[PDB]
**Student:** 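Please read through the structure below; I'll follow up with questions.
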Amino acid sequence: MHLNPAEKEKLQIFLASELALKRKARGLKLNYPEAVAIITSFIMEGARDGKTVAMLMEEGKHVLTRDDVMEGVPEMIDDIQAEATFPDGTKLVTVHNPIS
Amino acid sequence: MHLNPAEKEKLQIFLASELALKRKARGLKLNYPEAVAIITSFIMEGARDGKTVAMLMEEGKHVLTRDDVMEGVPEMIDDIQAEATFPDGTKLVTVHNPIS
Amino acid sequence: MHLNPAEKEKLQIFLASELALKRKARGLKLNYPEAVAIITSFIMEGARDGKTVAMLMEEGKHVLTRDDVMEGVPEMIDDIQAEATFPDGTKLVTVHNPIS
Amino acid sequence: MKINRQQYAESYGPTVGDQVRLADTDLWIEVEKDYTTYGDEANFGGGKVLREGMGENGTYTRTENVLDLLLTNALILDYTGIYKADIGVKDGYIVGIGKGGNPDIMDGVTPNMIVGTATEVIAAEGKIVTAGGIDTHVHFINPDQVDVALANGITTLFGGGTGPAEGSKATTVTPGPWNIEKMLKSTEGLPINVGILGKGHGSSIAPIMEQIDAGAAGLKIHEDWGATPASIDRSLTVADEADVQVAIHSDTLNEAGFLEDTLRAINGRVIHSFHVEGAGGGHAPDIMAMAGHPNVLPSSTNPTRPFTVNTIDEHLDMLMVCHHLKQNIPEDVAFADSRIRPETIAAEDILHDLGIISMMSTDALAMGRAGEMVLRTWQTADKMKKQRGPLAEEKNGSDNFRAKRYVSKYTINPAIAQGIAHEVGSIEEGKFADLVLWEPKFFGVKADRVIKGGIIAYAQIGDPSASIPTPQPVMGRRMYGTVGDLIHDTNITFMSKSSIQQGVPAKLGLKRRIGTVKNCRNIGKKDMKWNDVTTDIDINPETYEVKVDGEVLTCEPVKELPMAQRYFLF
Amino acid sequence: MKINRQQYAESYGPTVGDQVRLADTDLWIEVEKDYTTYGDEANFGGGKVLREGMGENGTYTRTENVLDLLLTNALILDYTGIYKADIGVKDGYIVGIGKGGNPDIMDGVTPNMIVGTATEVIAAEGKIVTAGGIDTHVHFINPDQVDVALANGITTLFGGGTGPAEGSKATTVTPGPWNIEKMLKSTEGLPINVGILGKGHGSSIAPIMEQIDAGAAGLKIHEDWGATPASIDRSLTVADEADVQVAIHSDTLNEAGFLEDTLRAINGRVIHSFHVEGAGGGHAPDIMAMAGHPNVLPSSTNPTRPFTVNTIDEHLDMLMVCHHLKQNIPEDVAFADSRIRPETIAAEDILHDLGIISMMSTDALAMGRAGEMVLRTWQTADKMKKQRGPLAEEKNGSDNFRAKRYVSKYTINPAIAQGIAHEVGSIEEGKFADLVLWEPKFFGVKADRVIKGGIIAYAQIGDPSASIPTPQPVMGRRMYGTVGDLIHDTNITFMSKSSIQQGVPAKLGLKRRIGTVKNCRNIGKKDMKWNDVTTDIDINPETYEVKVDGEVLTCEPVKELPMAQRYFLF
Amino acid sequence: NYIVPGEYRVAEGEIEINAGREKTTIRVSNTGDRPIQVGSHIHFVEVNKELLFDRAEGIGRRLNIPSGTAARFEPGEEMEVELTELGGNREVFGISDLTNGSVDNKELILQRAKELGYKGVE
Ligand code: NI
Ligand code: NI
Ligand code: NI
Ligand code: NI
């Protein structure tokens with residue numbers, strides 16, 4: 001596979017997102033790391049899909065809403081940042097205030 | 001996400017449980033680590049759901065039965081122990097003789 | 001569970017395969033590490049199922065075809081090798097030119 | 001020109017009179033004073049103040065009052081106060097708390113806090129900064145326990161053990177000269193401060209004392225090795241000669257004596273009573289009465305902290321494993337059961353709140369959680385505010401008195417008890433620069449950056465392959481202070497005066513900083529900061545009801561805690 | 001007997017006139033010459049040539065012209081040529097490039113390249129071998145960054161920092177004697193070569209110079225510490241006395257001067273201009289004009305490399321984080337915005353292609369990606385071939401001229417700039433054996449094996465529990481060169497001549513090889529291999545249009561790159 | 001009742017910066033063709049040569065703006081700014097090397113500024 005250090009680490013994010021999505025699907029209000037994981041994996045999969053950085057900067061604000069998460073979680077997340085390989089190489093996506 | 005050492009490790013348990021559940025679903029009798037993983041992840045997800053320690057001590061005996069596992073596996077598992085964050089903080093669940 | 005070093009590492013392969021299969025299912029042509037992960041996890045799950053080494057040496061050539069992967073990926077993969085616990089212990093499966 | 005308070009706090013952190021919520025608790029701390037000069041705040045970055053000729057002095061060499069490190073705009077939470085200041089570090093020690101910058105052009109610069117060519121900057125604006133936690137009940141069982149401790153803000157581990165041997169899995173003991181030497185060598189690779197306890201057992205002095213001469217920093221008396229009147233007596237005789245502390249886990253079984261017999265053997269000498277509530281061990285049911293005595297330095301371990309609806313149910317099997325007991329032996333089960341009492345656990349919450357139990361500790365991996373000492377301290381304080389109300393000592397709606405009482409339990413008090421408070425345990429000038437930065441939203445839960453001897457040792461930080469360090473996954477990671485030979489300069493091995501005098505560090509090739517244990521035989525409960533209360537504690541032998549000043553101490557268990565499911569992935 | 005070319009290349013790697021595609025780019029390199037004797041190629045394995053009495057000599061002791069290591073059949077890509085040879089290593093250094101084997105029976109054996117009893121073999125047939133990358137813009141922020149660098153073929157890190165402190169997160173600076181000593185000690189555990197930069201700030205000489213005497217290998221002038229005329233001047237005065245290099249990140253704000261004022265302060269002295277395009281910092285908008293001057297050694301950092309459709313959108317928030325800026329301060333945002341210009345980024349691609357920007361670098365973790373210097377160099381070359389065509393200098397349809405121009409940017413040129421090219425930076429006899437093997441399909445993307453001082457330090461290798469090392473999962477892993485005390489012999493700490501003369505290594509107990517920084521005040525743009533062009537660069541202050549020789553330099557951003565989604569799991 | 005973890009509850013009132021120090025308002029122009037941005041703590045007389053203002057009025061002073069903020073001058077832009085007095089020892093070293101000592105030495109500072117072409121010396 002030739003996995004580098006980042007590829008190994010970022011597998012964890014995907015896994016944490018899968019965990020969090022199962023928790024959401026069985027009716028739980030998500031906590032801080034769960035919410036961060038879901039939005040982060042969303043961004044990295046979006047890059048893999050070939051979306052632009054600008055698309056993901058905006059889409060990232062519509063992944064989870066405040067009714068999906070526990071009290072105070074929206075205010076705990078000032079931004080989420082993630083890097084992934086886009087068609088044009090690694091780029092950084094910054095999503096400001098992803099959950100209103 | 002601010003993952004601490006235990007959060008990172010315990011992701012592995014969830015993953016091993018998912019692996020084992022796929023193996024069970026395609027008709028395989030489960031082995032020792034598979035059985036342990038399933039029961040362990042069950043406990044940690046139960047804590048996340050807000051069950052009590054006492055509930056999980058008993059529910060843990062009804063996750064897998066001897067017909068779900070290979071010969072001798074029930075007798076290899078004297079107990080399973082797992083810690084998770086309950087609504088009232090980290091607690092330990094001990095399940096004695098989880099597979100009769 | 002008593003996980004040894006290889007059991008821990010090989011969990012990653014299963015996870016990478018699950019990731020890659022989700023990418024394939026949403027319509028993406030797979031890249032090099034994705035393709036390797038899928039074929040590798042296929043082999044290890046086949047061993048768990050109790051297939052022979054000889055069966056998997058041949059089945060491994062029919063997991064992905066060139067229309068499943070990006071340009072040049074078939075030619076990048078000369079072989080895939082994986083070890084797993086068969087009913088008769090650990091064995092090595094070598095699949096030559098898995099994607100024509 | 002004036003700045004409104006909201007905007008001021010968002011730029012520089014809070015100032016005098018502002019309050020900050022601790023994590024998701026209902027505890028609020030208020031800034032008591034601020035060492036700054038408004039308009040001359042230090043800050044670093046593009047176009048900021050700490051630049052040559054401006055807030056950074058360009059004239060002075062490192063010796064001329066210049067710092068190695070300035071933490072700008074810290075909100076300090078310490079037994080000494082809750083206040084706003086810059087913190088200046090040099091030679092690995094805190095040298096100034098006050099106002100940093102450049103006396104060329106700024107008013108109110110503390111004279112030895114010059115930002116110069118030699119100065120690194122850490123931005124503490126908007127962070128709470130505390131001393132590193134001092135955990136004095138550590139079982140050295142699994143080296144993976146160190147990162148667990150660092151992640152919750154612990155910087156010193158005192159205890160014993162050789163790994164997952166049954167003796168160590170039960171008791172904080174590194175027994176004898178050879179095991180002690182081996183573990184001192186192991187300690188060279190552990191990125192945390194360490195002190196090692198020998199076995200406080202014997203009926204002759206020499207077998208006990210030779211552990212102190214070998215490099216132990218104290219002793220542990222534990223019932224699993226025989227907490228007999230003789231072992232108690234000999235250990236304290238050794239400790240009084242050697243100037244080290246003795247920790248006791250007393251005779252739960254009451255086999256050779258009741259509590260009063262243990263106290264008679266102690267004979268007024270200084271002792272640290274571990275897990276004084278007794279779930280972690282001790283004369284059943286009345287061990288917690290220890291915490292009333294003037295010669296006792298009392299700590300709790302963490303699984304009983306605080307009293308919750310799941311606390312009792314986890315304990316029996318935990319105890320059975322730790323103490324190598326068998327379910328099929330009725331007297332093993334009876335011993336275990338005798339230690340587990342909701343009556344004393346409930347009273348333990350209140351005794352903490354009253355300043356009668358002075359210290360927290362983990363009991364890491366032997367009925368305790370290595371990364372939850374700090375966590376559970378604040379959960380206890382929060383529970384007590386909810387159930388008891390603000391303390392009478394509070395003012396302006398803040399919880400500052402409670403916050404000082406509770407922070408002392410895991411910082412200064414264990415350091416005083418162990419004879420190491422000249423080096424560690426508080427944010428004071430002249431002490432080692434073991435500092436923990438916390439975002440208030442994560443306070444007591446997950447440390448931001450842990451500084452050890454003036455260099456960051458552990459941090460919550462992201463993708464090492466990214467353009468900046470903030471992208472995911474953000475996780476706890478060891479930093480440069482732990483790498484190569486820097487691990488030697490950023491950590492202290494605490495040892496007895498005799499072992500130091502006898503050249504043990506040179507004999508073993510120890511390269512870590514060597515700290516001297518001292519002044520621990522001439523202290524008592526009166527010396528426990530904000531937790532100095534002596535009183536008669538009565539524990540009913542039949543009902544386990546706990547009384548102080550004729551009043552029954554009891555409270556309810558809670559179903560939910562803060563600093564819990566909002567934060568943790570599992 | 002004759003062998004057709006396809007079969008020859010499949011057995012021994014390519015020979016004279018054969019071409020190889022670099023990864024999935026449209027760049028082709030052609031073998032220029034071959035040192036072998038056809039029929040006497042060295043190879044190792046079952047029934048192969050390197051056996052006693054045959055291709056391995058059985059007579060000579062290690063001193064008698066015998067190698068410690070032979071890399072057989074390497075395709076070398078270096079500023080010195082693109083050619084086929086065996087590479088011989090002894091005492092951790094490259095001692096022979098030519099033809100290895102046994103002079104008993106083989107023709108054309110290079111006299112000091114005998115394969116003997118003492119010789120290990122690495123098969124390089126079918127691999128491209130390059131010098132290890134020299135990254136001269138490293139922020140030491142997170143130790144996990146080292147493996148990231150090794151995985152993309154970087155073997156030397158020059159820069160500064162103490163971990164995730166704000167000063168270090170913004171600037172390549174290890175400030176003052178104490179922080180420098182601490183980081184030299186930390187470096188003992190980092191499996192890569194290292195040189196440390198002090199703070200190039202002050203208005204007196206002594207505070208700056210004492211960093212050099214403490215062990216710094218150079219200085220960084222950074223606007224976040226005040227890139228004033230005084231700091232520039234004093235730093236260069238120090239550097240001229242000490243024979244070390246100065247890197248500059250200039251005054252973006254134009255606060256104390258415009259570009260011409262910075263150049264006047266430099267006063268014709270040698271300087272390394274970091275991120276010369278200016279997104280990474282410098283006089284807005286015209287900093288890139290630096291790269292026209294004969295006394296400037298100009299580098300780029302990697303996030304602008306090459307110009308793509310997503311480049312601009314990632315930059316603002318990246319910059320805000322790195323330089324500790326606030327979104328709610330309009331002048332912070334204006335400063336950040338002033339640095340981000342598609343006009344100069346587009347011109348930067350072309351300036352690389354013309355040999356006007358001489359070096360690449362990462363800016364690891366402070367607006368740069370630790371593992372993408374090599375990667376983005378080749379993506380830039382590929383983009384320029386696609387948009388500009390083959391260079392006029394090329395012949396036979398190969399891209400050899402471009403390949404030499406571009407490989408020089410991350411190997412020899414940074415080494416020359418830093419004063420370390422006597423030790424590292426190219427595959428030449430007498431230099432340290434830092435070598436990277438690449439499968440052509442992974443060239444510039446993921447290194448196969450990274451050799452440090454003659455021992456493999458990092459490799460893409462599989463299951464450690466398997467019967468052979470090729471089964472999955474194949475991932476980057478540290479090898480034996482990084483383990484125990486071998487990490488000392490396989491890596492170099494580069495230091496100033498004065499610190500070496502003053503015995504700093506002995507004083508700090510440094511066990512690594514100690515490299516001397518020298519000959520960096522007597523060089524200029526003319527000394528940058530294949531990238532030596534001086535010219536007047538005009539940057540329009542209103543439109544940011546870049547002109548060279550009266551011609552506007554511009555190109556389009558691309559939507560896709562090679563060396564991207566075919567290879568990476570995320 | 002809604003809990004924002006770690007939230008502030010700031011006190012009432014306002015923070016006066018540089019309290020008790022003399023304030024001076026002056027007009028400043030960017031005569032150059034690239035933007036110039038000036039930080040809160042730079043000795044004002046030592047700013048970029050192409051800023052035009054009464055240089056004598058910048059001696060011993062800096063911008064009266066919150067610590068870490070700045071004033072930005074686009075090309076050709078004139079703005080009115082308020083200065084405050086430097087504190088501490090009222091000495092400046094380095095920067096543009098116009099002072100290197102007490103800010104009281106106005107004649108020397110201006111002589112150096114004029115010789116080097118800093119705009120606005122009488
Ligand atoms: Ni105990
Ligand atoms: Ni214990
Ligand atoms: Ni820079
Ligand atoms: Ni940089």
Side-chain angles (χ1 to χ4, degrees), chain B residues 1 3 5-45 60 63-64 68-84 92-95 97-99, chain C residues 1-26 30 33-53 55-56 58-60 62-64 80-93:
Chain B
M1 288 180 287
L3 300 189
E7 291 167 312
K8 290 171 57 174
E9 285 198 4
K10 291 173 181 184
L11 280 168
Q12 294 176 293
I13 295 165
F14 169 66
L15 183 55
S17 173
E18 291 292 289
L19 175 76
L21 288 164
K22 287 190 188 288
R23 289 169 175 181
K24 180 170 183 288
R26 69 182 188 255
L28 296 167
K29 303 305 184 67
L30 299 177
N31 70 14
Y32 173 88
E34 287 160 359
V36 174
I38 288 176
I39 296 161
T40 302
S41 184
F42 173 85
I43 292 163
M44 300 191 178
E45 295 311 299
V63 179
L64 294 171
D68 295 322
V69 300
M70 297 168 68
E71 176 170 313
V73 171
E75 295 82 13
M76 292 175 74
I77 305 168
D78 290 326
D79 62 73
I80 290 170
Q81 286 178 312
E83 300 206 349
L92 168 70
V93 176
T94 300
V95 184
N97 299 305
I99 310 177
Chain C
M1 288 180 287
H2 283 66
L3 300 189
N4 71 17
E7 291 167 312
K8 290 171 57 174
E9 285 198 4
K10 291 173 181 184
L11 280 168
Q12 294 176 293
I13 295 165
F14 169 66
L15 183 55
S17 173
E18 291 292 289
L19 175 76
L21 288 164
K22 287 190 188 288
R23 289 169 175 181
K24 180 170 183 288
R26 69 182 188 255
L30 299 177
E34 287 160 359
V36 174
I38 288 176
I39 296 161
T40 302
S41 184
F42 173 85
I43 292 163
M44 300 191 178
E45 295 311 299
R48 180 65 184 85
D49 288 345
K51 290 174 170 174
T52 64
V53 165
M55 282 171 198
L56 293 170
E58 292 303 334
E59 289 181 16
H62 295 106
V63 179
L64 294 171
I80 290 170
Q81 286 178 312
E83 300 206 349
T85 305
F86 288 79
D88 62 332
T90 304
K91 309 287 159 177
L92 168 70
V93 176

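Labels below follow one simple rule: chain letters A, B, ... track the order of the sequence lines, proteins then strands, and each chain is numbered from 1. Just so it is clear, the values below take in all heavy atoms, side chains as well, and ignore hydrogens, waters and symmetry mates.
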**Student:** Once you round to the nearest 0.5 Å, how far does CG of B/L19 lie from CD1 of C/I13?
**Tutor:** 11.5 Å
**Student:** Can you confirm whether more than 12 heavy atoms, excluding those of B/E75, are under 6.0 Å from its CD atom?
**Tutor:** yes
**Student:** Charged N to carboxylate O below 4.0 Å: is that the case for B/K22 and C/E45?
**Tutor:** no
**Student:** In terms of heavy-atom pairs under 4.5 Å, which option from B/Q12, B/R26, B/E34 contacts chain C the most?
**Tutor:** B/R26
**Student:** Counting heavy-atom pairs closer than 4.5 Å to chain C, which one of B/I80, B/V36, B/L28, B/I77 comes out on top?
**Tutor:** B/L28
**Student:** With only heavy atoms counted, which part of B/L15 is less than 4.5 Å from chain C, the side chain, the backbone, both or neither?
**Tutor:** both
**Student:** State, to 0.1 Å, how close C/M1 and B/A37 come at their nearest heavy-atom pair, and which atoms those are.
**Tutor:** SD-CB, 3.9 Å
